[PDB]
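Right, one structure below, let's go through it.
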Amino acid sequence: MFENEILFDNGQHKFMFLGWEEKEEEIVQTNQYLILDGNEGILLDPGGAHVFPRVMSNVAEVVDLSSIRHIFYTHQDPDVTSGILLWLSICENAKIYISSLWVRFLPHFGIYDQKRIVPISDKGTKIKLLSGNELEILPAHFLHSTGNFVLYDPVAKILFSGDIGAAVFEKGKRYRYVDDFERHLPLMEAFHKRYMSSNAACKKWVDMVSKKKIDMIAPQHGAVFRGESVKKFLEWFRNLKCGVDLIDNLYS
Amino acid sequence: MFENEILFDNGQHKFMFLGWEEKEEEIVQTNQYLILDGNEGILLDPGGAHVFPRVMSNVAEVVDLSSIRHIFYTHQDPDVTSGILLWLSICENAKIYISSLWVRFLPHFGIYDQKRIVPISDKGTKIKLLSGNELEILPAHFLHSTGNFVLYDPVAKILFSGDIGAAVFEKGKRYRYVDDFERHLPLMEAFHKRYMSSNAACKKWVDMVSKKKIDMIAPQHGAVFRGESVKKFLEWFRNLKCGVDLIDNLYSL
Ligand SMILES: [Zn+2]
Ligand SMILES: [Zn+2]
Ligand SMILES: [Zn+2]
Ligand SMILES: [Zn+2]
């Protein structure tokens, strides 16, 4: 498997889980997403330079690249942003949304028209689509990056969670969707305990995002949460001891 | 005139503050450092792709590029790592040291020989140099990056502090050294309160590095701390409320 897959479709609006490399390579596994709304496209963490040819081809078989009007970057990491020059070049109509904390860091990649970058203030923002639909950019700071956002699609009822919900797959055992949360949890525990900053940051985020109607959680790594695994993930994450909570394993 | 400057020199060992661009651009300002020990060089956060030509020429005017044996990356951010492919190609004998948290993230920049990367475990490590001198890689996690290190040079008594100690200069008002700490603090406060993760991490880090003899703190952004400003910085940082301490101000009520 691992072709482009449709997470949500109501005719006017689609949320797509883009395809994967067919064979495991020596690189951290990543997920990219495409939202289509009328005639305009939105890319979610379309990713690094090395995967760019593959992701670009996944996108191009679904939509003309000139119809990508918005590109959302959750944070600054290489698995998210390092293809930025390539995306700016091939998607001539795309605006890029990233935390204000990182807008002056992206020019380190190379030269581009910096007016195509929209800073996101800490408390979040909304992307206004031409059809009148909206995408909500919600704060998710320190999970893990100090400047970090998630994106909630209120039409699809899908939360794109970035690094939150990541899973590290066992060799040869990748899978796209979470059914049994308890058998999935072993793939998530180490990543979250080490990368996420503290229970205070996790609890704050869960309290905020739980106000939304979330049918699926789509992370930037690992497998997409469906069904009851959504609420079970939010419950587990809210109580997680992580990061500086466990500081005695990180210092001295 | 922001040319290469020597922070420490004892003949056998030098610690250099590489030069700056003459014209300011719309980009976060960065510092690069070069350690020379005998005939081998160590680069500290040599930086992104856009600044690579300038940093490379600053290094090449001081030492052979084939003498760079070690390149240290404090963390993953683009102002630190996005020149990795260029540095790997022009410093053919260099190994790259970075947190194990990022070792599998770096291949997203592009293809390179992954045997050239040395993972740094969370507790840190030492670079053993051919002379018998050492450089100490010390943990600095969550200040700001979750996988983040500083480097202490016990010969020079210089702490390369990464993003810790960063200052955001007012445009056209760059300067290389901290004289008056209380007059430098306005350039540092916003960055530290927002990017650094919590006082718990800051206090742990200050307690740890304060056991070392630190004459100068050299940050990856801003100005180098000398004299009493080093001590004032450490005490200020140890008590700083930052990051998730202020998380209720980063979310709407
Ligand atoms: Zn990340
Ligand atoms: Zn990621
Ligand atoms: Zn940084
Ligand atoms: Zn930096």
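If you're wondering about the labels, chains in the structure tokens are A, B, ... by order shown, residues count from 1 in each chain, ligands from 1 in order shown.
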
Interface residues on chain A facing chain B, 8 Å, only C-alpha atoms, written as a PyMOL selection string: chain A and resi 26-28+48-51+76-79+82-83+104-111+122-123+139+141-142+144-147+194-198+200-201+204+243-244+247+249-252

Long-range neighbours of residue 56 in chain B as an NGL selection string, 10 Å cut-off, only C-alpha atoms, 5 positions minimum in chain: :B and (18 or 46 or 51 or 61 or 65 or 86-87 or 90-91)

Write a file of the just-selected residues containing C-alpha atoms, as an mmCIF file, in the first residue's frame.
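Result file selection.cif:
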data_model
loop_
_atom_site.group_PDB
_atom_site.id
_atom_site.type_symbol
_atom_site.label_atom_id
_atom_site.label_comp_id
_atom_site.auth_asym_id
_atom_site.auth_seq_id
_atom_site.Cartn_x
_atom_site.Cartn_y
_atom_site.Cartn_z
ATOM 1 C CA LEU B 18 34.851 34.414 12.807
ATOM 2 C CA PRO B 46 29.293 26.879 10.974
ATOM 3 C CA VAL B 51 26.075 32.344 4.787
ATOM 4 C CA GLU B 61 42.015 32.436 5.313
ATOM 5 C CA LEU B 65 39.849 23.270 4.875
ATOM 6 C CA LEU B 86 28.327 22.023 1.716
ATOM 7 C CA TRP B 87 30.480 21.607 4.815
ATOM 8 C CA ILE B 90 34.445 21.016 1.369
ATOM 9 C CA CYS B 91 35.819 19.641 4.673
#

Find the residues of chain A that sit at most 10 Å from ligand 2; for each, write down the nearest two atoms and how far apart they are in Å, to one decimal. Count only C-alpha atoms and all ligand atoms. Sort by chain, then by number going up, and give it as JSON lines.
{"residue": "A:28", "atom": "CA", "partner": "ligand 2", "partner_atom_place_in_ligand_line": "1 (Zn)", "distance": 8.4}
{"residue": "A:29", "atom": "CA", "partner": "ligand 2", "partner_atom_place_in_ligand_line": "1 (Zn)", "distance": 8.7}
{"residue": "A:30", "atom": "CA", "partner": "ligand 2", "partner_atom_place_in_ligand_line": "1 (Zn)", "distance": 6.9}
{"residue": "A:31", "atom": "CA", "partner": "ligand 2", "partner_atom_place_in_ligand_line": "1 (Zn)", "distance": 8.8}
{"residue": "A:45", "atom": "CA", "partner": "ligand 2", "partner_atom_place_in_ligand_line": "1 (Zn)", "distance": 8.6}
{"residue": "A:47", "atom": "CA", "partner": "ligand 2", "partner_atom_place_in_ligand_line": "1 (Zn)", "distance": 8.9}
{"residue": "A:74", "atom": "CA", "partner": "ligand 2", "partner_atom_place_in_ligand_line": "1 (Zn)", "distance": 8.7}
{"residue": "A:75", "atom": "CA", "partner": "ligand 2", "partner_atom_place_in_ligand_line": "1 (Zn)", "distance": 8.4}
{"residue": "A:76", "atom": "CA", "partner": "ligand 2", "partner_atom_place_in_ligand_line": "1 (Zn)", "distance": 9.1}
{"residue": "A:77", "atom": "CA", "partner": "ligand 2", "partner_atom_place_in_ligand_line": "1 (Zn)", "distance": 6.6}
{"residue": "A:78", "atom": "CA", "partner": "ligand 2", "partner_atom_place_in_ligand_line": "1 (Zn)", "distance": 8.0}
{"residue": "A:79", "atom": "CA", "partner": "ligand 2", "partner_atom_place_in_ligand_line": "1 (Zn)", "distance": 5.7}
{"residue": "A:80", "atom": "CA", "partner": "ligand 2", "partner_atom_place_in_ligand_line": "1 (Zn)", "distance": 6.3}
{"residue": "A:81", "atom": "CA", "partner": "ligand 2", "partner_atom_place_in_ligand_line": "1 (Zn)", "distance": 9.8}
{"residue": "A:144", "atom": "CA", "partner": "ligand 2", "partner_atom_place_in_ligand_line": "1 (Zn)", "distance": 8.9}
{"residue": "A:145", "atom": "CA", "partner": "ligand 2", "partner_atom_place_in_ligand_line": "1 (Zn)", "distance": 9.5}
{"residue": "A:162", "atom": "CA", "partner": "ligand 2", "partner_atom_place_in_ligand_line": "1 (Zn)", "distance": 6.5}
{"residue": "A:163", "atom": "CA", "partner": "ligand 2", "partner_atom_place_in_ligand_line": "1 (Zn)", "distance": 4.9}
{"residue": "A:164", "atom": "CA", "partner": "ligand 2", "partner_atom_place_in_ligand_line": "1 (Zn)", "distance": 8.7}
{"residue": "A:166", "atom": "CA", "partner": "ligand 2", "partner_atom_place_in_ligand_line": "1 (Zn)", "distance": 7.9}
{"residue": "A:219", "atom": "CA", "partner": "ligand 2", "partner_atom_place_in_ligand_line": "1 (Zn)", "distance": 8.7}
{"residue": "A:220", "atom": "CA", "partner": "ligand 2", "partner_atom_place_in_ligand_line": "1 (Zn)", "distance": 5.7}
{"residue": "A:221", "atom": "CA", "partner": "ligand 2", "partner_atom_place_in_ligand_line": "1 (Zn)", "distance": 6.2}
{"residue": "A:222", "atom": "CA", "partner": "ligand 2", "partner_atom_place_in_ligand_line": "1 (Zn)", "distance": 9.8}

Point-to-point distance from CA of residue 55 in chain A to CA of residue 21 in chain A, Å rounded to tenths: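 For CA of residue 55 in chain A relative to CA of residue 21 in chain A, the distance reads 9.5 Å.
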
Within 8 Å of residue 203 in chain A using only C-alpha atoms, minus same-chain residues under 3 positions, as number ranges by chain: A: 199-200, 206-207, 237-239

How about saving the chosen residues, C-alpha atoms kept, as a PDB file, in the first residue's frame?
ATOM      1  CA  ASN A 199       3.473  17.677  31.200  1.00  0.00           C
ATOM      2  CA  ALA A 200       2.523  21.338  31.655  1.00  0.00           C
ATOM      3  CA  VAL A 206      -4.905  18.839  25.266  1.00  0.00           C
ATOM      4  CA  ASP A 207      -7.231  21.157  27.201  1.00  0.00           C
ATOM      5  CA  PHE A 237      -0.959  12.657  26.353  1.00  0.00           C
ATOM      6  CA  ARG A 238      -2.559  14.879  28.980  1.00  0.00           C
ATOM      7  CA  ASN A 239      -0.988  12.817  31.791  1.00  0.00           C
TER       8      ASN A 239
END

DSSP alpha helix (DSSP H) residues within range 1-179 of chain A, as a ChimeraX atom specification: /A:52-60,78-81,84-90

Spatial neighbours of range 131-135 of chain B, 9 Å, only C-alpha atoms, chain gap at least 2 places, as a list in words: residues 37, 38, 125, 126, 127, 128, 129, 137, 151, 152, 153, 154 and 155 of chain B

Selected residue of minimal separation from ligand 3 among B:224, B:166, B:6, B:246, counting only C-alpha atoms and all ligand atoms: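 For ligand 3, the nearest of the candidates is B:166.
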